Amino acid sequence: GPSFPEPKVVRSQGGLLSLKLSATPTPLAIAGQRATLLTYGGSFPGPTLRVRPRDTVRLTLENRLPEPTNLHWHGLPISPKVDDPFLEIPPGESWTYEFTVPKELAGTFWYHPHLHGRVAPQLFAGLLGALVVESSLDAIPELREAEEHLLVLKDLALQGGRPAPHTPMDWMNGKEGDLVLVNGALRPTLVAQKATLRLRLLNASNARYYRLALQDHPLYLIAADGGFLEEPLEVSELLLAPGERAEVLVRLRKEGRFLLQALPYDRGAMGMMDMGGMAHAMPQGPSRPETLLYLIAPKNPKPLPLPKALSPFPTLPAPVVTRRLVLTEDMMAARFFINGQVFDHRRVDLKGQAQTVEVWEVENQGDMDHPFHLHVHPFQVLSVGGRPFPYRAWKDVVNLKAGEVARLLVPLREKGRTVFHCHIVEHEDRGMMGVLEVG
């Protein structure tokens, strides 16, 4: 096959993407070993769905797992009556998701299970895939002529040819695996044919963070989770928390091999130690550095000029309310709270009004990083930890280090009941989720 593995793409046809996926245990070859994973479409990752604004999506999910499941269309601003976090598809049953892609939308999104209490093992076992919304901006020459690749970053651990089970410490920290894969492959080689690469990046891991850096090169950020920036932003490294997406341009500077690495990063994961009295909790400290892939630059590379503008960010109405959400932890219980409460699917936590703008102040009073996600309503990050954000773009996940406050601008779009939660999905399963009702 091609030196660089990427998931199969399914494209809409005549404005319609109509597909039947099955969620099923699947024998496959992965990282040089035979394993049984849970997959959509028979592959890991699942197929990449590629659509345009205003296309109709008709996706019938058949559940061939021994447990109930459902789909979350992560990042898409569609109705919570379609992207329904309370829906359960029993084993052997099917459900069809049908929606129109919003007109003012572009970027990389993804789909994965969202059935409260079962997300972490189902996501860890391989149930995820990407969705790309192609834009008219892809036709400007500085992007059209770049070589485009999707990179799904997902780690895994195998025990007896199956995904390793969760331990108690996994429920507290979030499970990380020792196989750190790109598109399901272990350290693939990307042989570039053009000097400018456009890389869509997706962190589909349960809990692992990727502090991304390409040897000898900066990255040019052009899209965040849910849309383009206003103009490219040069960065020396890019931290991708669970659930986050980015699109970056790489401008290859000379011939050679360059490693794309996940540099050491300390997210506050905890271990246990016994030195006399105790046992007591002790920080795991920073992650070990990982090589994600090998990037081979072509001969005599002469990258294109960067685009000078991308997409103007909309002028939002003045906000009508300020909310304050506080995140806290009980690590030894592996219990996680928002404003002192655990999730309850019958309780509405916040009531807002559609087509108004709200300011959400989300405060991490724990010691771990927590990546906060809101369904249905993408947001603009104004500041995090008191530092103003360096760009304007739609996001739907924002990472908060211990102690930090993020200030968001949240336009409320579709009416209905939806959720917000930590995207360390073990923490959501263990209660760090609440209910927003928009009317």
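So that there is no doubt, residue numbering starts at 1 and follows the sequence shown.
When the C-alpha B-factors of 198-206 and 305-313 are averaged, 305-313 comes out higher. Between 210-218 and 288-296, it is 288-296 that carries the larger average Cα temperature factor according to the deposited entry. Per the PDB record, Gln193 has a higher Cα B-factor than any other of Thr96, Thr108, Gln193, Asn183.
For the set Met282, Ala224, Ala262, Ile338, the PDB entry puts the maximum C-alpha B factor at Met282. Placement of the Cα temperature factor of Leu153 within the chain: lowest third of the modelled residues, per the deposited record. In the PDB entry, a CA B factor belonging to the lowest third of its chain's modelled residues is recorded for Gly46. When the modelled residues of the chain are ordered by their C-alpha B factor, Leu61 lands in the lowest third. Among the modelled residues of its chain, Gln365 has a C-alpha B-factor that falls in the highest third, as given in the PDB entry. In the deposited entry, the Cα temperature factor of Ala269 sits in the bottom third of values across the chain's modelled residues.
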